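A single chain comes next, written as structure tokens; it is the form deposited in one PDB entry.
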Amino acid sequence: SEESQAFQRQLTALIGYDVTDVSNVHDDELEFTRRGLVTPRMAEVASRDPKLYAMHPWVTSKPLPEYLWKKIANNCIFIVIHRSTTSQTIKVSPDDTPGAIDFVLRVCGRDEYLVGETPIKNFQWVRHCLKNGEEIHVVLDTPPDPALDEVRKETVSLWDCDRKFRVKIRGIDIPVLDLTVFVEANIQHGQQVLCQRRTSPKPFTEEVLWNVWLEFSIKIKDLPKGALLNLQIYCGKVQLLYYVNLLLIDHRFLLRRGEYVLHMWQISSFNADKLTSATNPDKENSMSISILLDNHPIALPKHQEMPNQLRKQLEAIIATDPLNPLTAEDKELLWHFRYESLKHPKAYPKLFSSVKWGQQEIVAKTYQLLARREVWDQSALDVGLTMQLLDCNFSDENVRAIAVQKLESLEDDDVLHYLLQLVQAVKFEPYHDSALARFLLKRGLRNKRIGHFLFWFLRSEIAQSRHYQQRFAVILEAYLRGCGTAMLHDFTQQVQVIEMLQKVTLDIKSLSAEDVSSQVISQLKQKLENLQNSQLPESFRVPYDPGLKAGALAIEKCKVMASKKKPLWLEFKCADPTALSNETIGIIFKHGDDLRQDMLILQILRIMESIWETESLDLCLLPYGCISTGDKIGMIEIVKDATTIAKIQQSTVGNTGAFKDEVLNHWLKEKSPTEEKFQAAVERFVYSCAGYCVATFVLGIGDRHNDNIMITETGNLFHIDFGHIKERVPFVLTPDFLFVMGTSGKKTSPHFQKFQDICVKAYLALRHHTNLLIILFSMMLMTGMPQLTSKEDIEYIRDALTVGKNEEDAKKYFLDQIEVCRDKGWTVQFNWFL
């Protein structure tokens, strides 16, 4: 039809990629995945309560922390319900379910609802108000129409083959380039290379032919599902220059066969891009390789105590961190005591790394082993452990599926906490259709807030990653076909706004030399007025805060920043008349940088906060909204009432940097209305500073120049610009920070004794989740930093978290770091200014 044609055109423009396109395939996996995702979409759509879907209550079933209880007025919270101009105020108790006080309670100025069978202490908006110490303002409203969510009507056994595996390398071709070059062919399973063959070296001409069979030692019957033929091109120590990958057992369990011309990826170690089954879309410029797979259709089938010192050796092995390398001795031990090891969920990652995946009978015993998993199925969810099983070390669908099984029990509050890393982990899936892809699909469709962030996270990777754009596009399409017309319209509006603003960023960045022109400010405001009538939708959801709807631009307040990437400083009015403010919505619109590294670090900061909540600590971090939106384009939340530490020094002192200890402290008092609020500022500063000292040490991003650090007018310290990373320093504890606490060079202050108190406790709390943080750190580097990441980069966090050390000793180690910062004073800060 035509209605079912212009709708795909709509899907395409929302997705940023054409999913029906077959210009860059060599089998039908992508198309097979589209048809396969119809079923899980349908089930989730059909079983979601239409009413609860449309109001999307954002709820938690976690306990209310000790830091929030001490801020109640003894078992009583205040809720202001609203008329038109006036308002009524109700006395409430934390257990009063929405219905205890048709009509619905919508938060003033936000598409956020207080509805459903949960106590009001179990709402995030309520806990937000309580955290910042603000009154809850709501409106008696009409529930939205679920009709707006309406969804438009949518043979030889392999184990019977003793032949050794063989692949014919016909040769390579490249339109443009000289030394010597050879092709390496690896049977891979995860990062585990099972068998390796090389060709003879040949001269590197624009076309090089071999026509040789490479006979491997692995038999066909021993090929596991998810095994990759990985083809690499080395020039000559040698050097890797091109790689492509091909699945040996395709999506139907059929062995791969016939002719292949694969266009290959260029090189700029452990990196997610290296594992992709996607071929290079750049048909014109990219190197290709011509191969022949030949062996009748062959299909893989599906299937239907110990001594003292050894138990101890095994337990020591199970105890070690996820980055502790297993020796052959350890693996052989784990596998032999297979069934003892299965009694310990913590042993699953190491045990499944003890499996000889290239030996058919071993795999069979491994699948037998998984069939007997009462203990695994019974234990409480550990995200750490579960994440470990989704990383690049595991390619077995069954192994990976028992990880996804655990995630299924995750409450929506926590999916949101791990969504970004979960979406990144799709890049570790051998096949386009995986249990994890389906999990993300149905959790997103069950919940408008997960689905909103799912959209952007997926879209972020489609726009700037060729290596996985096809896979993420299919999954995104499957999502959009279930999210419902009311969300398709939001997405459409958001896409239009950022596409429009992009154009304005482009032409403006070119009109400036490498400060800021005066004409240019008027030139920007000129084009922004041009938009306000043009075709700009006069209300769109804020990508990083889907509660807020933005309306008209506040043109007068809009400017180009003094940064040499010339980002746009934009302000918007809230489209909601029910808003009881006036404060504009401030968004930084940036080109030049890829915001994905920033997204990752910030999300990890959030994870660190929720970690700290389990131990009733609130280190007042400020992880501001930051959404990559397109290719090298995104938005950043403007934090109100904030300035950079550096600018505070350029206000009292001046240019070069004769830094003074007092300058921060009396900046605080001049922005403090009273002594009452000034102390709360010093209070907020002690916590903030403690959070960012700990967080950044662990992540190894603590040494920042002080224009990249900010403070709010109420004490809240917070770091910025994470997407960038001699004598070193563990973090930033400069004298101006230290004097706010009341110390100079070598002393101890009451507020400082608190800083040391909170850090030590925050640090040790993180250490109780060593495994989880190690795994998120590993995954971050492998999927987020195109840094050809090494073990040594990863095994930094082993140092930072003082693995294998007692608590006493870990307290000492960090306290040394504090003292290291003291010794340097201003040496590192001045050193940047070269």
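When you see a residue number, it is the position in the sequence shown, counting from 1. What we label the rigid core is the largest C-alpha set whose atoms superpose within 1.5 Å from one form to the other.
> Any chance residue 174 is unbuilt in a third or more of the other entries we compared?
Residue 174: modelled in all of the comparison entries.
> Tell me whether residue 673 is absent from the model in at least one third of the other entries compared, counting only those where the residues either side are present.
Counting only entries that model residues on both sides, residue 673 is resolved in every one of them.
> Which class fits the unmodelled deposited stretch between residue 74 and residue 75: none, 1 to 3, 4 to 9, or 10 or more?
Missing in between: none.
> Please classify the unmodelled stretch of the deposited sequence between residue 514 and residue 515: none, 1 to 3, 4 to 9, or 10 or more residues.
1 to 3 residues are missing.
> Quick check: 335 to 343 versus 753 to 761, which has the larger average CA B-factor in the record?
Looking at the record's C-alpha B-factors, the answer is 753 to 761.
> Test of understanding: from the entry's C-alpha B-factors, which stretch has the higher mean, 246 to 254 or 555 to 563?
Mean B over CA atoms: larger for 555 to 563.
> Determine which member of 414, 184, 141, 499 has the highest CA B-factor, using the values in the deposited entry.
Of 414, 184, 141, 499, 141 has the highest C-alpha B-factor.
> Name the one of 719, 432, 83, 573 with the greatest CA B-factor according to the PDB entry.
Among 719, 432, 83, 573, the highest C-alpha B-factor in the entry belongs to 83.
> Looking at the entry's B-factor column for C-alpha atoms only, identify whether residue 769 ranks in the lowest, middle or highest third of its chain.
As the PDB entry reports it, the C-alpha B-factor of residue 769 lands in the lowest third of its chain.
> Residue 777: which third of its chain by C-alpha temperature factor?
Lowest third of the chain for residue 777's C-alpha B-factor.
> Using the B-factors in the PDB entry, rank residue 508's C-alpha atom against the chain and give the third, lowest, middle or highest.
Its C-alpha B-factor belongs to the highest third of this chain's values.
> Please place residue 472 in the lowest, middle or highest third of its chain according to the CA B-factor in the PDB entry.
Lowest third of the chain for residue 472's C-alpha B-factor.
> Relative to the other modelled residues of the same chain, rank the CA B-factor of residue 127 and answer lowest, middle or highest third.
Its C-alpha B-factor belongs to the middle third of this chain's values.
As for the form deposited in another entry, it is not shown, yet the points below apply to it.
> Given a rigid core superposition of the two forms, which one of 184, 631, 545, 618 has its CA shift by 2 angstroms or more between this form and the one not shown?
The one that shifts is 631.
> With both forms fit on the core, is the shift of the CA atom of residue 33 between this form and the one not shown 2 Å or larger?
Residue 33 C-alpha, core-superposed: shift of less than 2 Å.
> Would the C-alpha of residue 789 be classed as shifted by 2 Å or more between this form and the one not shown after rigid-core alignment?
Residue 789 C-alpha, core-superposed: shift of 2 Å or more.
> Given that the CA-CA distance for residue 789 and residue 784 shifts by 3 Å or more in the other form, does it become closer or farther?
Compared with this form, residue 789 and residue 784 lie farther apart in the other form.
> Can you tell whether residue 798 sits closer to or farther from residue 788 in the other form than it does here, judged by CA atoms, where the change is 3 Å or more?
Closer together, which means the C-alphas of residue 798 and residue 788 are at least 3 Å nearer in the other form.
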